[PDB]
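Inspection log for the structure reproduced underneath, given as structure tokens.
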4 protein chains.
Amino acid sequence: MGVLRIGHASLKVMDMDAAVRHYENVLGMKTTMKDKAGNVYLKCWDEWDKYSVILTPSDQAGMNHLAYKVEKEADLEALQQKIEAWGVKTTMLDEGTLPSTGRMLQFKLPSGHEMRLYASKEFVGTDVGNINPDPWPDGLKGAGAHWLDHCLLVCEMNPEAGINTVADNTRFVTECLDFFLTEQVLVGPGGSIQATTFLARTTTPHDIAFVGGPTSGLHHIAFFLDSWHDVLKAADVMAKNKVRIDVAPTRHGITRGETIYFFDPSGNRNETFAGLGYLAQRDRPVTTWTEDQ
Amino acid sequence: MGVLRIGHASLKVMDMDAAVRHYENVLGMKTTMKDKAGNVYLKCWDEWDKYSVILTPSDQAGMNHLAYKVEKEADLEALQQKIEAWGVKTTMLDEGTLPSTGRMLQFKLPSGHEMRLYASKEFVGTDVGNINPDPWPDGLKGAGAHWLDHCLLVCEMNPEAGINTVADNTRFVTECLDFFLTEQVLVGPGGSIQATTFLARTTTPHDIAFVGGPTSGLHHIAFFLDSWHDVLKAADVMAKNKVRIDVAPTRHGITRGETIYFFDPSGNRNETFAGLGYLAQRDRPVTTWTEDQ
Amino acid sequence: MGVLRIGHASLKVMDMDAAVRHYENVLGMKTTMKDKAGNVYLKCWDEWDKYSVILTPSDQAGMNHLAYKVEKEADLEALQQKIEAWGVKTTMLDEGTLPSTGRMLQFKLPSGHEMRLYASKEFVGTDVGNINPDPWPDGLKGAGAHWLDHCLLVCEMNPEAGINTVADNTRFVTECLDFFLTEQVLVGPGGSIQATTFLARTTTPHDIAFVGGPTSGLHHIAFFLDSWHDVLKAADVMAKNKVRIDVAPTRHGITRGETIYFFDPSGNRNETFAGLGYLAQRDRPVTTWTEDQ
Amino acid sequence: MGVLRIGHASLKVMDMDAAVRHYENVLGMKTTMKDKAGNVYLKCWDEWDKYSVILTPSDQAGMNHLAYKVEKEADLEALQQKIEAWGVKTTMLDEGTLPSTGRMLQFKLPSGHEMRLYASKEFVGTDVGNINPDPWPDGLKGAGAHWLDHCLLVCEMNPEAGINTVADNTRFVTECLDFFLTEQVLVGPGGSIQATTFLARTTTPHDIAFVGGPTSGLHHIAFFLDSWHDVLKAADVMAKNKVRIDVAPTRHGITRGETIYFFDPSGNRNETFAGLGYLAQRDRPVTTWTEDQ
Ligand SMILES: [Ca+2]
Ligand SMILES: [Ca+2]
Ligand SMILES: [Ca+2]
Ligand SMILES: [Ca+2]
Ligand SMILES: [Fe+3]
Ligand SMILES: [Fe+3]
Ligand SMILES: [Fe+3]
Ligand SMILES: [Fe+3]
């Protein structure tokens with residue numbers, strides 16, 4: 001029972017035309033629907049649900065909410081009961097609040113971000129199928145992102161004021177959503193302050209992550225690639241589409257994943273990383289990174 | 001709760017000297033202990049428990065048993081209760097039956113293979129550590145296998161006699177051990193016969209697998225590699241060590257993984273495969289392969 | 001002065017429709033012209049001349065001739081003079097004998113194969129251009145072969161009858177065409193018989209190659225790929241197009257290149273190999289392979 | 001006849017201990033001799049001559065001279081005659097001026113750099129051999145650089161003062177040493193000024209290169225790696241050895257090669273790049289890069 005994986009992220013964009021072509025031409029996503037409010041829904045080729053990204057028209061960048069898929073409908077009532085006993089108010093959005101999406105349990109993380117849990121989303125299948133499928137589809141565009149892999153949230157952190165929502169988010173998703181901690185970055189005196197945490201429900205190194213910051217916001221959303229080669233191909237695609245790159249291709253010590261950071265036309269940061277890195281396991285020791293490194 | 005991943009495989013070897021150097025020089029494992037009965041225990045560099053492979057002296061090849069690690073000790077009593085309600089007799093080996101290994105729940109699969117579940121094995125840590133670790137260790141030998149990934153068992157199957165232990169094993173590990181089916185190979189009229197099944201507890205495509213055969217036995221044990229390049233490097237290592245190769249480097253339609261099949265000096269088949277392939281998910285449709293392919 | 005590289009190979013095909021779609025869909029070549037005799041001319045994307053492959057309709061497979069490009073027109077008279085002093089009759093085909101192709105010096109190798117040298121072929125440029133070009137073109141099909149790299153000829157060899165055209169071809173192309181030997185396979189007593197030779201004009205390991213055989217013929221023509229990954233992608237393409245594979249993906253000890261062998265619909269063998277392997281140099285010792293290996 | 005490839009580069013280092021361990025541990029070179037003046041000579045594993053790098057103790061960084069190997073001894077007299085007819089004074093250092101090195105033709109490029117040509121250097125062979133060799137050697141250290149590939153020189157350039165030694169060097173090595181231009185970077189009005197040139201004798205994209213600068217000096221020396229993966233491995237090695245990186249792993253539009261720039265302990269810049277990129281050919285159009293890009 002419980003959370004399976006990240007379900008979708010809803011992003012604020014200023015230019016919908018430029019944002020849609022970015023996630024299509026650079027990341028290889030396909031648009032699956034547009035609602036009557038102007039929001040655009042896209043999915044990756046190796047995903048089988050209706051969408052993993054929502055672009056909403058806005059006057060600014062940022063994130064609206066973050067959604068995670070749970071195993072079955074009855075998990076929503078159980079998780080809801082755990083969350084409110086912890087002290088977080090929840091509410092249940094009924095099915096149809098978002099198109100092609102079932103009912104959703106809505107609540108705010110301690111850091112202030114809105115998080116949703118759903119059990120039901122429309123099945124459309126992957127672009128390769130499931131009866132004698134090919135390993136990859138033809139006509140793939142751009143980097144050919146497999147799936148939306150995880151999301152790193154900037155969480156308000158003021159050690160002098162006694163505020164560390166990275167720690168509070170980390171406790172919340174572990175005790176209420178049964179995530180387990182895989183890696184952490186420790187700062188402060190003797191590493192007594194959690195500045196970055198990576199947590200998992202799958203056996204990939206992280207499905208959610210929190211990094212400290214002056215205010216709560218969105219650091220980036222990330223997309224999975226197969227190999228070190230596909231990262232290089234992704235860098236070539238970004239060069240052809242004139243994409244503003246943040247960090248050049250380099251292996252992250254975290255996740256052991258080789259990654260590229262770049263932006264969409266509205267300023268939201270995106271990551272294409274390759275490789276599993278390691279098998280995340282509930283009995284695996286937490287990889288600790290110290291501030292001096 | 002429940003099974004985490006494959007824990008170890010115990011293999012019968014005829015020449016212990018030749019078998020130990022094979023798993024050390026070809027696969028990159030390290031020997032961690034030898035018991036007073038002559039059995040040798042080895043682990044991979046990216047594993048943190050004491051051992052994942054047991055070599056036992058014998059007059060023949062084959063497998064002794066297969067072991068899977070569970071989340072906590074109390075899971076053994078719960079799984080034991082489910083297994084016997086299904087109709088499989090179990091027994092509890094106490095801690096110390098194997099060195100550095102806690103108590104084990106022992107039972108036979110419908111196909112006749114002996115399977116064990118343990119919760120506790122001695123921690124020794126990975127070869128890269130967990131405080132600011134490197135992505136890979138220096139002095140790595142051979143293919144540098146990350147971890148024992150899965151095991152494919154040959155399961156007795158006689159469709160005319162009404163015997164299909166691939167199906168019975170598949171039902172057993174799903175209903176009793178809460179595995180979920182990720183891929184299958186269907187044969188017979190209209191694909192009405194399961195000849196091969198792949199099942200998972202992690203989010204890797206398969207942690208156990210069953211293939212039909214005239215008699216029940218061991219098809220191969222498999223080891224994980226990072227990338228397509230490490231497979232090539234593995235093929236070069238096998239050429240330097242004069243290893244009997246079964247299948248040349250080629251991508252498997254199953255798992256989407258690029259793999260090599262080869263043998264140890266006693267005849268047991270080994271696999272080095274690279275890549276996650278896809279994220280196995282309980283809501284993902286089962287990849288079906290038909291006999292005509 | 002002298003030979004630059006392999007220029008084109010003319011192959012006999014039985015089904016022109018099936019052969020053209022093979023070299024287009026599998027190897028990624030593009031058809032550039034068809035003459036009034038039904039012959040089809042194709043080039044690779046990273047080539048700048050008009051064509052590197054000629055498909056001629058025929059009732060059998062095999063090779064018509066092999067063509068190499070020389071640095072300047074005046075090299076043809078000089079090479080012609082060296083060849084006839086060696087004892088090989090030559091003839092000069094005038095410009096236009098083949099469409100878009102200048103005059104050609106024609107002669108037969110000692111093994112009996114027809115070889116041609118030209119200095120002038122129509123320029124059409126590569127598919128990426130030469131003013132701020134991209135590293136690779138979009139819409140690339142199949143394996144995306146960079147260029148026709150080399151050709152391995154089966155050369156009549158009968159050691160008991162005193163016939164070894166592999167040796168005679170090797171002496172001919174070295175003394176007359178200033179090729180240099182990079183690798184060889186030695187067989188017979190103490191390696192006193194050259195069974196396979198690889199020779200170069202470029203600094204790639206081989207631009208022509210000869211292997212012994214009962215009769216003189218065509219072993220394969222080969223196409224260059226960038227990396228180990230592109231070989232895997234090539235294997236996936238051949239699986240999608242139902243291509244008859246000869247040898248699975250494996251690294252060749254020769255050339256150090258990772259390669260795949262496969263056939264076109266008429267039976268001619270093709271090779272897609274990746275990597276430079278090493279820098280061929282006139283002062284580099286000849287890599288010798290012995291029969292026992 | 002003529003130049004084969006870059007032969008060696010002589011660098012000034014301030015800390016010989018720190019410099020030698022850098023080229024050994026990071027680049028994988030091996031020290032082959034030390035002369036009585038304190039100079040240290042190193043070679044790469046896939047080279048067969050005595051050394052490709054000379055470290056000389058000094059109070060500053062920079063380059064002493066650059067050396068290229070020619071095909072035969074008699075080429076030195078012929079090249080010497082061409083060079084002085086062009087207007088460059090030459091001198092002949094006799095054999096033994098450098099240990100294990102034959103006689104050398106010495107002269108200064110128009111940019112002021114000292115260049116040497118030799119025909120004879122002591123043979124020691126590659127680390128894999130030449131009788132049934134392995135594709136790569138065991139116990140390889142660091143990035144495992146195959147060979148010193150090329151050298152980029154900063155050449156004094158003052159367009160207002162009428163000084164452009166990039167152009168003068170480019171004319172010199174083409175007309176006197178029979179190099180051919182493969183790529184160029186054009187700046188100024190309408191691209192009427194050569195700011196960077198790449199030239200070849202091999203069929204690799206460049207064996208020497210010149211970039212404009214206020215003063216003449218050394219930009220970097222470069223080492224060849226096989227694949228995109230070996231570049232990643234190189235970045236991991238530099239991280240383990242605490243190497244000052246200049247440019248993160250990224251594909252260069254020039255050469256199409258994926259590269260890393262970094263420094264030795266004395267400040268000299270080094271490059272590890274992978275891949276052939278394209279086959280350099282005397283009939284290939286010069287790849288032109290414009291200033292706006
Ligand atoms: Ca993940
Ligand atoms: Ca697995
Ligand atoms: Ca070649
Ligand atoms: Ca070069
Ligand atoms: Fe990330
Ligand atoms: Fe397997
Ligand atoms: Fe070949
Ligand atoms: Fe360079």
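Ligands are numbered from 1 in the order shown, residues from 1 within each chain, and chains are lettered A, B, ... in the order they appear in the structure tokens.
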Show me which residues line ligand 2, defined as having an atom within 10 Å of a ligand atom where only C-alpha atoms and all ligand atoms count, and present them as a PyMOL selection string. (chain A and resi 203+279) or (chain B and resi 5-6+147-151+198-209+222-224+255+276+280)
Which residues of chain D are close to chain C, meaning at most 6 Å apart when you count only C-alpha atoms, and how do they look as JSON, numbers by chain? {"D": [130, 131, 132, 135, 202, 203, 256, 287, 288, 289]}
Store the residues picked out above, limited to N, CA, C and O atoms, as a tab-separated table (two decimals), in the first residue's frame.
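The resulting file, part.tsv, is shown below:
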```tsv
chain	number	residue	atom	x	y	z
D	130	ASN	N	52.02	-6.39	-29.46
D	130	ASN	CA	51.65	-6.47	-30.86
D	130	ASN	C	51.52	-7.90	-31.37
D	130	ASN	O	51.34	-8.10	-32.58
D	131	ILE	N	51.59	-8.90	-30.50
D	131	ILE	CA	51.32	-10.29	-30.87
D	131	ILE	C	50.09	-10.70	-30.07
D	131	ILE	O	50.18	-10.92	-28.86
D	132	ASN	N	48.95	-10.82	-30.75
D	132	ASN	CA	47.68	-11.14	-30.12
D	132	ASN	C	47.37	-10.21	-28.94
D	132	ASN	O	47.11	-10.68	-27.83
D	135	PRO	N	42.74	-5.44	-26.16
D	135	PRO	CA	42.32	-4.09	-26.58
D	135	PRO	C	42.73	-3.00	-25.60
D	135	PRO	O	42.87	-1.84	-26.01
D	202	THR	N	47.57	13.63	-39.95
D	202	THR	CA	46.79	12.40	-39.86
D	202	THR	C	45.40	12.64	-40.47
D	202	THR	O	45.12	13.69	-41.05
D	203	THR	N	44.51	11.67	-40.32
D	203	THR	CA	43.10	11.85	-40.65
D	203	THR	C	42.24	12.10	-39.41
D	203	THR	O	41.02	11.89	-39.46
D	256	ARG	N	34.01	17.85	-33.09
D	256	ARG	CA	32.88	17.07	-32.59
D	256	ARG	C	33.23	16.27	-31.34
D	256	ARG	O	32.48	15.37	-30.96
D	287	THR	N	35.64	23.17	-42.17
D	287	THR	CA	34.56	23.56	-41.29
D	287	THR	C	34.82	24.97	-40.76
D	287	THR	O	35.80	25.20	-40.05
D	288	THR	N	33.94	25.90	-41.10
D	288	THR	CA	34.09	27.31	-40.73
D	288	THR	C	33.15	27.66	-39.59
D	288	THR	O	31.94	27.43	-39.68
D	289	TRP	N	33.70	28.24	-38.52
D	289	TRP	CA	32.93	28.77	-37.40
D	289	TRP	C	32.98	30.29	-37.42
D	289	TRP	O	34.06	30.88	-37.55
```
With distances taken over only C-alpha atoms and all ligand atoms, which of A:154, A:161, A:193, A:83 is nearest to ligand 5?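 Result for the nearest residue to ligand 5: A:154.
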Per-residue DSSP, segment 136-209 of chain A, filtered to alpha helix (DSSP H), as a VMD selection string: chain A and resid 165 to 175
Which residues are near segment 263-269 of chain D? Cut-off 6 Å, only C-alpha atoms, ignore same chain within fewer than 6 positions. Put them as a PyMOL selection string. chain D and resi 13-14+19+61+220+244
Could you give me, as a PyMOL selection string, the residues within 6 Å of residue 106 of chain C, counting only C-alpha atoms and dropping anything in the same chain fewer than 4 positions from it? chain C and resi 90-92+115-116
Restricted to C-alpha atoms, what would the selected residues look like written as a short mmCIF file (atom, residue, chain, number, x, y, z; two decimals), in the first residue's frame?
```cif
data_model
loop_
_atom_site.label_atom_id
_atom_site.label_comp_id
_atom_site.auth_asym_id
_atom_site.auth_seq_id
_atom_site.Cartn_x
_atom_site.Cartn_y
_atom_site.Cartn_z
CA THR C 90 45.46 -0.94 -66.66
CA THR C 91 42.93 1.04 -68.65
CA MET C 92 41.50 4.56 -68.29
CA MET C 115 39.65 -1.94 -58.70
CA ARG C 116 39.21 1.64 -59.88
#
```
If we count only C-alpha atoms and set the cut-off at 10 Å, which residues sit around residue 155 of chain C, ignoring sequence neighbours fewer than 6 positions away in its own chain? Please answer as number ranges by chain. C: 109-113, 163-169, 195-196, 209-219
For N, CA, C and O atoms, I'd like the residues from the last selection saved as an mmCIF file, in the first residue's frame.
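So the final result, stored in selection_31.cif, reads:
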```cif
data_model
loop_
_atom_site.group_PDB
_atom_site.id
_atom_site.type_symbol
_atom_site.label_atom_id
_atom_site.label_comp_id
_atom_site.auth_asym_id
_atom_site.auth_seq_id
_atom_site.Cartn_x
_atom_site.Cartn_y
_atom_site.Cartn_z
ATOM 1 N N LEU C 109 43.102 -6.484 -59.397
ATOM 2 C CA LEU C 109 44.036 -6.947 -58.389
ATOM 3 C C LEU C 109 44.540 -8.342 -58.749
ATOM 4 O O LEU C 109 43.922 -9.047 -59.551
ATOM 5 N N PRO C 110 45.669 -8.758 -58.175
ATOM 6 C CA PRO C 110 46.110 -10.151 -58.357
ATOM 7 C C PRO C 110 45.051 -11.180 -57.990
ATOM 8 O O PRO C 110 45.002 -12.253 -58.605
ATOM 9 N N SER C 111 44.194 -10.886 -57.007
ATOM 10 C CA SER C 111 43.115 -11.795 -56.637
ATOM 11 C C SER C 111 41.990 -11.834 -57.664
ATOM 12 O O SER C 111 41.095 -12.678 -57.544
ATOM 13 N N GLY C 112 42.002 -10.940 -58.651
ATOM 14 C CA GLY C 112 41.012 -10.936 -59.703
ATOM 15 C C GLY C 112 39.932 -9.886 -59.561
ATOM 16 O O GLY C 112 39.184 -9.661 -60.521
ATOM 17 N N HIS C 113 39.823 -9.244 -58.399
ATOM 18 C CA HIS C 113 38.833 -8.193 -58.216
ATOM 19 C C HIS C 113 39.177 -6.983 -59.075
ATOM 20 O O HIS C 113 40.349 -6.628 -59.237
ATOM 21 N N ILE C 163 49.265 -20.812 -54.342
ATOM 22 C CA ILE C 163 48.435 -19.651 -54.640
ATOM 23 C C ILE C 163 48.065 -18.984 -53.322
ATOM 24 O O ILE C 163 47.459 -19.615 -52.447
ATOM 25 N N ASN C 164 48.435 -17.705 -53.177
ATOM 26 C CA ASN C 164 48.063 -16.913 -51.999
ATOM 27 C C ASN C 164 47.877 -15.467 -52.467
ATOM 28 O O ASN C 164 48.769 -14.623 -52.358
ATOM 29 N N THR C 165 46.688 -15.174 -52.995
ATOM 30 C CA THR C 165 46.451 -13.827 -53.496
ATOM 31 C C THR C 165 46.282 -12.801 -52.380
ATOM 32 O O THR C 165 46.357 -11.599 -52.661
ATOM 33 N N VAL C 166 46.070 -13.233 -51.133
ATOM 34 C CA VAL C 166 46.121 -12.293 -50.014
ATOM 35 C C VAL C 166 47.500 -11.654 -49.929
ATOM 36 O O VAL C 166 47.629 -10.433 -49.766
ATOM 37 N N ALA C 167 48.554 -12.468 -50.054
ATOM 38 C CA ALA C 167 49.914 -11.941 -50.054
ATOM 39 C C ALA C 167 50.184 -11.093 -51.292
ATOM 40 O O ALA C 167 50.799 -10.025 -51.198
ATOM 41 N N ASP C 168 49.735 -11.556 -52.462
ATOM 42 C CA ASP C 168 49.976 -10.814 -53.696
ATOM 43 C C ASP C 168 49.231 -9.483 -53.703
ATOM 44 O O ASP C 168 49.782 -8.461 -54.130
ATOM 45 N N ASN C 169 47.974 -9.474 -53.248
ATOM 46 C CA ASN C 169 47.264 -8.208 -53.095
ATOM 47 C C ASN C 169 47.978 -7.304 -52.101
ATOM 48 O O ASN C 169 48.070 -6.089 -52.309
ATOM 49 N N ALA C 195 47.107 -15.058 -43.967
ATOM 50 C CA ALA C 195 45.731 -15.398 -44.297
ATOM 51 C C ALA C 195 44.805 -14.193 -44.303
ATOM 52 O O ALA C 195 43.807 -14.197 -45.032
ATOM 53 N N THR C 196 45.111 -13.165 -43.516
ATOM 54 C CA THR C 196 44.322 -11.943 -43.484
ATOM 55 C C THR C 196 45.261 -10.762 -43.296
ATOM 56 O O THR C 196 46.179 -10.824 -42.471
ATOM 57 N N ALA C 209 41.108 -4.537 -46.882
ATOM 58 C CA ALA C 209 41.507 -5.743 -46.174
ATOM 59 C C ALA C 209 41.268 -6.944 -47.071
ATOM 60 O O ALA C 209 40.340 -6.957 -47.884
ATOM 61 N N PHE C 210 42.117 -7.956 -46.907
ATOM 62 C CA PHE C 210 42.051 -9.181 -47.689
ATOM 63 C C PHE C 210 42.057 -10.377 -46.750
ATOM 64 O O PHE C 210 42.881 -10.443 -45.831
ATOM 65 N N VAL C 211 41.153 -11.323 -46.991
ATOM 66 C CA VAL C 211 41.079 -12.565 -46.232
ATOM 67 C C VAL C 211 41.132 -13.731 -47.212
ATOM 68 O O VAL C 211 40.577 -13.655 -48.314
ATOM 69 N N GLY C 212 41.827 -14.798 -46.822
ATOM 70 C CA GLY C 212 41.946 -15.954 -47.692
ATOM 71 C C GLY C 212 40.627 -16.687 -47.858
ATOM 72 O O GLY C 212 39.754 -16.665 -46.990
ATOM 73 N N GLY C 213 40.486 -17.347 -49.005
ATOM 74 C CA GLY C 213 39.300 -18.111 -49.312
ATOM 75 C C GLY C 213 39.515 -19.013 -50.508
ATOM 76 O O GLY C 213 40.459 -18.835 -51.284
ATOM 77 N N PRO C 214 38.653 -20.018 -50.674
ATOM 78 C CA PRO C 214 38.798 -20.899 -51.847
ATOM 79 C C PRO C 214 38.647 -20.160 -53.167
ATOM 80 O O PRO C 214 39.379 -20.450 -54.123
ATOM 81 N N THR C 215 37.728 -19.201 -53.246
ATOM 82 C CA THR C 215 37.542 -18.388 -54.439
ATOM 83 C C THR C 215 37.539 -16.916 -54.055
ATOM 84 O O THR C 215 37.281 -16.551 -52.905
ATOM 85 N N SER C 216 37.820 -16.065 -55.039
ATOM 86 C CA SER C 216 37.855 -14.630 -54.803
ATOM 87 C C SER C 216 36.445 -14.052 -54.833
ATOM 88 O O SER C 216 35.659 -14.352 -55.737
ATOM 89 N N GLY C 217 36.133 -13.223 -53.849
ATOM 90 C CA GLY C 217 34.816 -12.644 -53.737
ATOM 91 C C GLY C 217 34.779 -11.502 -52.746
ATOM 92 O O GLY C 217 35.799 -10.877 -52.451
ATOM 93 N N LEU C 218 33.581 -11.236 -52.233
ATOM 94 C CA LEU C 218 33.330 -10.132 -51.313
ATOM 95 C C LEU C 218 32.993 -10.689 -49.939
ATOM 96 O O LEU C 218 32.032 -11.449 -49.793
ATOM 97 N N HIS C 219 33.764 -10.297 -48.928
ATOM 98 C CA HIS C 219 33.388 -10.690 -47.577
ATOM 99 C C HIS C 219 32.336 -9.743 -47.010
ATOM 100 O O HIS C 219 31.261 -10.179 -46.584
#
```
Gap from atom CA of residue 171 of chain A to atom CA of residue 79 of chain A - Å, one decimal: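 Going from atom CA of residue 171 of chain A over to atom CA of residue 79 of chain A covers 14.8 Å.
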Selected residue, from C:88, C:237, C:67, C:26, that lies nearest to residue 10 of chain C when counting only C-alpha atoms: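 Going through C:88, C:237, C:67, C:26 one by one, the smallest distance to residue 10 of chain C is for C:67.
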